[PDB]
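Novice: Quick one: this structure, given as structure tokens, is what I'll be asking you about.
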Amino acid sequence: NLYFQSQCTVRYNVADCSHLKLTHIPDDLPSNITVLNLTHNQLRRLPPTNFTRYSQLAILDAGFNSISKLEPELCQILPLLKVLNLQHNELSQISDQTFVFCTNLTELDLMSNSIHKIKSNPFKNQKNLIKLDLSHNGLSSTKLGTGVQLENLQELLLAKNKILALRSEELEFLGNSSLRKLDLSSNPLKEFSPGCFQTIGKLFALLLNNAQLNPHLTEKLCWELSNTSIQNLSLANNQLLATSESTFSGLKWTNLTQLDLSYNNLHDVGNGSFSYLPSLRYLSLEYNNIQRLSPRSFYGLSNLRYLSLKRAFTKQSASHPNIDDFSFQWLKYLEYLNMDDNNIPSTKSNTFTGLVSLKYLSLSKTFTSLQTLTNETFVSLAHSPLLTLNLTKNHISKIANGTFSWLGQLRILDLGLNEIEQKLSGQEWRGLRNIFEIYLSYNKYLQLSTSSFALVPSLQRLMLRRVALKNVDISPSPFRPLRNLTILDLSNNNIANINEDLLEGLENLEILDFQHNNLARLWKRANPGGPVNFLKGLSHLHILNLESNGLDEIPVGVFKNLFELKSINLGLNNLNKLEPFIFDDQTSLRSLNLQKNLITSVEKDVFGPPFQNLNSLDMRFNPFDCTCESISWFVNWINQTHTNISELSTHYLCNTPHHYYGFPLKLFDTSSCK
Amino acid sequence: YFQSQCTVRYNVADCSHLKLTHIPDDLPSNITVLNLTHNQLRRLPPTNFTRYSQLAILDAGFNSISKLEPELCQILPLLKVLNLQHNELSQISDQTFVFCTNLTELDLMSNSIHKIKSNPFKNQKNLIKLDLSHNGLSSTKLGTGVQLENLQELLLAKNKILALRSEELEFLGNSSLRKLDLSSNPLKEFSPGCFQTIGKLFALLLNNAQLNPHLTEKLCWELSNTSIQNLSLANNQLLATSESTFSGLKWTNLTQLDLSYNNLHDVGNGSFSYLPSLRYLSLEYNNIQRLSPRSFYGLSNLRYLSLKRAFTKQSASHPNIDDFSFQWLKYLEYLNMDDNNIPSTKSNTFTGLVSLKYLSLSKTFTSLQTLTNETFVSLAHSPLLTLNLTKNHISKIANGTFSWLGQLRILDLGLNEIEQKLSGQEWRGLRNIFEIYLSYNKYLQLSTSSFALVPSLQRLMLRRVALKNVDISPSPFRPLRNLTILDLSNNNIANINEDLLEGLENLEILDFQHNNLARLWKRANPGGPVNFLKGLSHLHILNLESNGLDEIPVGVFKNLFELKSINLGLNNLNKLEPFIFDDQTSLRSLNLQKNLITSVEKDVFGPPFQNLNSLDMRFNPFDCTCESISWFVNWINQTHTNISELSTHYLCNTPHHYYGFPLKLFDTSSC
RNA sequence: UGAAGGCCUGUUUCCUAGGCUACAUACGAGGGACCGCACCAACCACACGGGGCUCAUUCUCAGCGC
């Protein structure tokens, strides 16, 4: 799509003029503008005179053009300039006089230009520069001056260049400038001269992603990083195939906080390799090939508070990863441990010993040979105040009675996307006196029973999507004990029969999702038994979704006294007949969806009440009757209501009476009908 | 959806899928058909049909009928065809079919007649096609005297017949059976005289009958000395064959023989020596391991043969057809050989095939990758007329590979990995070529002398081949004086010199889609607007879809008086130069869907609209003002042209007061 | 010259991604004889949009070297 039209859509002092194949600078624009998003055009230069119209510009974005030369007069003509952007342009030379007049500049970007060299003090007048960018413009020396300059610099970026080493002298121009992010990623460094980083005033973060490092190189690097204030350090995308004690020997004189080692094919962690980081707090090990772990692998990290292991262990191949017991006895303050995407065979009897502060534990798709959660696979976690356990995608097939007898402090439990297939006798949840949510969606099937949920009265949420439930109509209802339940998602299970005892006593329920369950027959005027009213006394219902159940007649009385309903979704059904006064008690309705039905007439004795305060209505794809007797009131309401109706003009068509087959509803003439 | 009283038609009252329980009577008395298929009827009282004694064929399939009445026949004396499949009948008494005599076809397929003991078909002297397939029978006996004199097509599939007694078939003494279906019956015995007892037997189907070489040997020894012409043996355990396997067939004028789906493993030496009249043979979906020059010995009269998926799979076990394999099939004319794993063609494989005309090789090879000047020496003595060679991963051809097939007409080379510069010598010798199929290859580099050696070409397909070197003078297509179709489509042609297509006076179809030739058409004109459609006066259908066009030059359609279809969909046309279609008066089809057209004026669309039969211009941001669409909307109100999806896909995206307004609903009076 | 880039056009691939189709299979009702219809679900197939990426040959830079 396009419709970029001729002139650019000018807005409130933000004149975006992207993708217009411009060649000149537009001048007609008001003199009160502060922004010029000139991105994505084919300009050749910026004459500093064609901007005399508006000396009110604040930020200039001229990225994605073919600018080859800037002029010093541009700065003085635009004295209120703060941010400049010239990425993906074709500059080649920066003279000593170019940036002389720009002094209110704070951010300056020159990313994909071609400054192969710089030999001057061109940033002298830049006492307000905060974020300087030079990433990917083919440089070969980090030197940008000879005296202490850029006093208030804050975020320097030098990615994708041809820097070969960091001389001690070619960085001394940062004597008293607090660098808070020094990006140097993807620079083929080969040497770190002594004093290379100590010369900077303050250094906080440092990015050396894709810098082709090796253990020797990073050893020299770390020996040159000591005795500074570094706090974040990343080493992604390297050849750090191994580590030992001497690898990070230099880091002992720093208050390091983060350390990223992702994407290194890190193969074997040496014994005590982190003994020198008693302040590390955020560690990553993602996407590597750790073969084994020993109780010395994490020795000394007595102060960690986060750790990721997502895809950290070797692949499946007959080579299988092996984390031996007592591996985490040192991480006495750890609280989060992601362990997704691994191939650990199963949990041993002491794996998580000593983790007396673990709170959040994820295990999504970490196992290959579990298939059964017995009462001993979690004995190692008996001493951890857990608050979450993500266990999706493990091909779990069955659970034993009292597996979770240990996690007496758990809140959320995730069991979705497995092959659980058993009768929930109710003893599986033994001990979870503090459970708060349980996630069972996407399993094979479960056979509920009267005493299934009796052991977890404090439950508050419950998800049973696509689980193909059975034995759902049993008295008393298995849900009766859950006095504190609020959400229910008993959806996409295909429930043929719903005894009306279900949901009795769940007074606190607020969300009920009951889609794709083919409960059609239950609603009937033919009534083998009196029309079911399972929505008996849930007075706290807000959103009730009964979509795609082949409904064709809602009994009168099912919505009686549910005064707080906010959204009703009855889409994808066969409703055509609408009993009078079905929505008499729904006055707070804010959302109503009856799309994709067989409704032919929209009368007032049904839709008045809900229409009285509606904010959003969706009733498209319906064979409306285009006669004033069937739609006159509706069309009037459409003419005089402020409700948000989506796709009004195109998806409200009458399939009758041919004289109007295709006629837009809103266009229906109503005058001569009374 | 829509159900209601069934949609009655001209004396054909279809009332399917209505969950009926009674028989409708309101229907006229001039009806001849009742398609009562797919309902829930329990039975058919022969009195509720008294209304119309004019019925001719009754279709009561897919119901729950449990009993019919003899009075039904006499109440409906003009009944000819009956159908009761997937019903639940259980017993056929001697009096049920007594009054039906004008019956010709009778079907009782999925009923439950576990037994029949009477002469119930006595009054059936007009029965032609009787069906009893899949109703749980255990004896083919249907009577005791010669009955069903004019029977013609008997079916007995999916039953529990265990053998064919000589006596339990004698009720067909003088009835010419022309199709005796017995598929999927676990036969174990063939008593002597089993088939000779029938008057005449022409075809016989024994599909899925669990046969073995011994069983079929006894069968064939009991089939001799009859008039059988077609015989099928699909889906069996015929794991091997020898000379004695078909020893009995020597006394028959057999014509067809199907052996598909048998895991047929090894053809014995001379195993077909007894069929000097076989004319249509099949061997599909088996596991022939090897072929010997004796494998087809004696079949001196064959005229068709399929080998699709006949050879063993890839596994290190590879099929091997040795040389001189077809020296006996001196009258063969068709040979399908799809889906095999023959490594390559030897130097004598097709020797002796001096009558082969149609040869297919679609996906038969695995290790060809190069068609040299010797892979077809074995075909030097065959008047071929087709060669299907798709899906062989061919990578390159040598000069003069086709120097042998001097009588070929159609050549198929699509769906391969051909990647070379067509120097022009590849087609050496094809002085009679008629069509060449090159679509779906890697890429070809054309040259001035590419097609110079095949002047008699008439069709040419170059779809998705990613052409290069297309603008060279003179055009490589210039020599093809007889070309008619061109399909130079989906190749992305940046530059088209206007010399191309000059002299192809006989061209009728040009397909030029998905080629992003946008720039060529331009008013800015680096060079004068290209007019490659210079003098093709025989053009009928011209498809230039999806090329990012935004301005057609004036003069490109001048004097092409026979154009019948123009497809300019999926472009960026918004501006329409006056009088672009002045010479297109015979236009029958016009497609301008999915464009940026905003106004439809008369000085452009008058002429084409004058005689149009079909127009497609949907998905366009029409201007809903009478100045832009008034004439169009009037024409829509007063024209008989076929416009598809008129009422829903012709919406104005302007001027908001009408955003979404159906075009046809646009009021025009006050303009 | 080569190398390098932003502008429009579009070619291929990749999914994701939706809807619609089509197929077997299943849970149900209801009728029925000793196994045929409606609702629903998932399944895979087919057609077509929609989201990323990778090529095209044009419109124009520079930096030259000589």
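Novice: Most exposed first by the Cβ proxy, i.e. fewest other Cβ within 10 Å, how do A:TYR282, A:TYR660 rank? It would help to have the intermediate numbers written out before the result.
Specialist: Details: A:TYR282 16, A:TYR660 20.
Exposure proxy ranking, most exposed first: A:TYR282, A:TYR660.
Novice: Another question, if that's okay. Which percent of the Cα-Cα distances in the stretch A:399-448 go past 14 Å?
Specialist: 53
Novice: Please compute the net charge surrounding A:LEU2, taking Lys and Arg as +1 and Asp and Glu as -1 over other residues with Cβ under 13 Å from its Cβ. Each step should come with its number before you reach the end.
Specialist: Numbers: positive: A:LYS21; negative: B:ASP550.
My count for the surroundings of A:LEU2 gives 0.
Novice: Could you give me the ³J(HN,Hα) list for the stretch B:389-396, computed from phi with Karplus coefficients 6.51, -1.76, 1.60 and θ = phi - 60°, whole Hz, x at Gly and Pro?
Specialist: Residue by residue, the stretch B:389-396 yields 10, 6, 6, 10, 6, 4, 10, 6 Hz.
Novice: What is the spin-label model distance, in nm, from B:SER292 to A:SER539 if the labels are put 7 Å beyond Cα along the C-beta direction?
Specialist: 9.5
Novice: Hey, another quick one. Within the stretch B:127-178, list the trypsin sites (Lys or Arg not before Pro) lying in a DSSP loop whose Cβ has at most 11 other Cβ atoms in a 10 Å radius.
Specialist: Hits after loop and neighbour filter: B:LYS160.
Novice: If you don't mind, another one. Over the stretch B:125-179, with a single point scatterer placed on each C-alpha, what log10 of the ratio I(q)/I(0) does the Debye formula yield at q = 0.12, 0.26, 0.31 1/Å?
Specialist: Taken in order of the listed q values, log10 I(q)/I(0) reads -0.26, -1.17, -1.33.
Novice: Given the stretch A:226-369, report the % of alpha carbon pairs whose separation exceeds 18 Å. The partial results should precede the final answer.
Specialist: Details: 5622 of 10296 pairs.
Result for the distance tail: 55 percent.
Novice: Do the sum for chain A: with -39,500 (n - 2.57) for every DSSP H run of n ≥ 4, divided by all residues, what is the mean residue ellipticity at 222 nm, to the nearest 500 deg cm²/dmol? Before the final figure, lay out the partial values.
Specialist: Details: 4 runs with 38 residues, N = 674.
About -1500 deg cm²/dmol.
Novice: Let me ask something else about it. Can you give me the pair-distance distribution of the stretch B:451-578, C-alpha pairs, 5 Å bins, whole percents?
Specialist: 2, 11, 19, 26, 24, 12, 5, 1, 0
Novice: With just the Cα atoms of the stretch A:1-87, tell me how far they stretch along each of the three principal axes, in Å, largest first.
Specialist: For the stretch A:1-87, the Cα extents along the three principal axes come out at 39, 29, 20 Å.
Novice: Report, in debye and to the nearest 20, how large the dipole of the stretch B:220-354 comes out about its Cα centre when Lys and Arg carry +1 and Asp and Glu carry -1 on their Cβ. Please list the in-between numbers first.
Specialist: Numbers: 10 positive and 10 negative charges, 33 e Å.
In debye, rounded to 20, the stretch B:220-354 gives about 160.
Novice: Next question. Which of the pairs B:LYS308/B:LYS421; A:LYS252/A:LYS332; B:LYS346/B:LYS468; A:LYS566/A:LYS674; A:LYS131/A:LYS252; A:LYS162/A:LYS220 have their Cα atoms more than 23 Å apart in this structure? Could you put the intermediate results ahead of the total?
Specialist: Values: B:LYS308/B:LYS421 33 Å; A:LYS252/A:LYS332 20 Å; B:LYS346/B:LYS468 35 Å; A:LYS566/A:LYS674 34 Å; A:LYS131/A:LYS252 30 Å; A:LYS162/A:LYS220 20 Å.
Table pairs above 23 Å Cα-Cα are B:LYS308/B:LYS421; B:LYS346/B:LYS468; A:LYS566/A:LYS674; A:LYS131/A:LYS252.
Novice: Count neighbours as other Cβ atoms within 10 Å of each site's Cβ, and list the trypsin sites (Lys or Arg not before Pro) in the stretch A:96-131 that are DSSP loop with at most 11 such neighbours. Walk me through the numbers before you get to the answer.
Specialist: Values: sites: A:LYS117, A:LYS119, A:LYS124, A:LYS127, A:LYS131; in loops: A:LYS117, A:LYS119, A:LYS124, A:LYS127.
In loop regions of the stretch A:96-131 (DSSP not H, G, I, E or B), the sparsely surrounded trypsin sites (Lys or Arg not before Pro) are A:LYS117.
Novice: Under a 5 Å amide H to amide H cut-off, with H placed in plane at 1.01 Å, what residues pair with B:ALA203 once short-range neighbours are removed?
Specialist: Those lying under 5 Å, H to H, from B:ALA203 are B:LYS179, B:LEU180, B:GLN229, B:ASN230.
Novice: Oh, and also: Using Cβ contacts closer than 10 Å as the measure, can you line up B:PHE557, B:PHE326 from fewest to most? Kindly include the intermediate steps, with their values, before the conclusion.
Specialist: Details: B:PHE557 22, B:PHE326 26.
Ascending Cβ contact count within 10 Å gives the list B:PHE557, B:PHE326.
Novice: Something else now. Projected area of the protein assembly as shown, taken from the Cα convex hull and averaged over every viewing direction, in nm²?
Specialist: Approximately 67.3 nm², given one-decimal rounding.
Novice: Then there is this: Taking a quarter of the surface of the convex hull around the Cα atoms of chain A, what do you get in nm²? Walk me through the intermediate numbers first.
Specialist: Values: hull surface 152.5 nm².
Its Cα hull, projected and averaged over all orientations, spans 38.1 nm².
Novice: Something else now. Distances longer than 17 Å among the Cα atoms of the stretch B:445-484: what percent of all pairs is that?
Specialist: 29
Novice: Inside 10 Å of the C-beta atoms of B:656-667, what's the mean count of C-beta atoms belonging to other chains? Each step should come with its number before you reach the end.
Specialist: On the way: counts 1, 0, 3, 3, 9, 5, 6, 0, 2, 5, 0, 0.
That average works out to 3.
Novice: Quick one: net charge around B:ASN399, please, counting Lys, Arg +1 and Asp, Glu -1 for every other residue with C-beta under 14 Å from its C-beta. All intermediate terms of the calculation are to be shown ahead of the outcome.
Specialist: Values: positive: B:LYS396, B:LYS421, B:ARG428; negative: B:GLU374, B:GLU426.
Charge balance in the 14 Å sphere: +1.
Novice: Moving on to the next point. Got a sec? How would A:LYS220, A:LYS21 order by Cβ neighbour count within 10 Å, fewest to most?
Specialist: Numbers: A:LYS220 18, A:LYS21 9.
Taking fewest neighbouring Cβ atoms as first place, the list is A:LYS21, A:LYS220.
Novice: Return an integer: the convex hull volume of the alpha-carbon atoms of the stretch A:475-674, in Å³ per residue. If you can, show how the numbers build up before the last one.
Specialist: Numbers: hull volume 23.8 nm³, N = 200.
Taking the convex hull of the Cα positions in the stretch A:475-674, it is 119 Å³ per residue.
Novice: May I ask you to evaluate 6.51 cos²θ - 1.76 cosθ + 1.60, the Karplus curve with θ = phi - 60°, for each residue of the stretch B:471-486 and list the ³J(HN,Hα) values in order in whole Hz, giving x for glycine and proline?
Specialist: Running phi through 6.51 cos²θ - 1.76 cosθ + 1.60 with θ = phi - 60° gives 9, 9, 10, x, 4, x, 7, 3, x, 6, 5, 10, 5, 10, 9, 9 Hz.
Novice: Also, I was wondering about something else. Over the alpha-carbon set of the stretch B:114-205, work out the extent along each principal axis and list the three values in angstrom, largest first.
Specialist: 32, 26, 21
Novice: Quick one, what does Rg over Rh come out to for the stretch B:368-453 if you take C-alpha atoms and the Kirkwood Rh?
Specialist: Numbers: Rg = 12.0 Å, Rh = 13.0 Å.
Rg/Rh for the stretch B:368-453 comes to 0.92.
Positions of Cβ are generated from backbone atoms using ideal geometry, with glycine treated the same way; all protein chains shown enter the neighbour counts. Each reported figure results from applying straightforward, stated rules to the coordinates on display, with no laboratory input.
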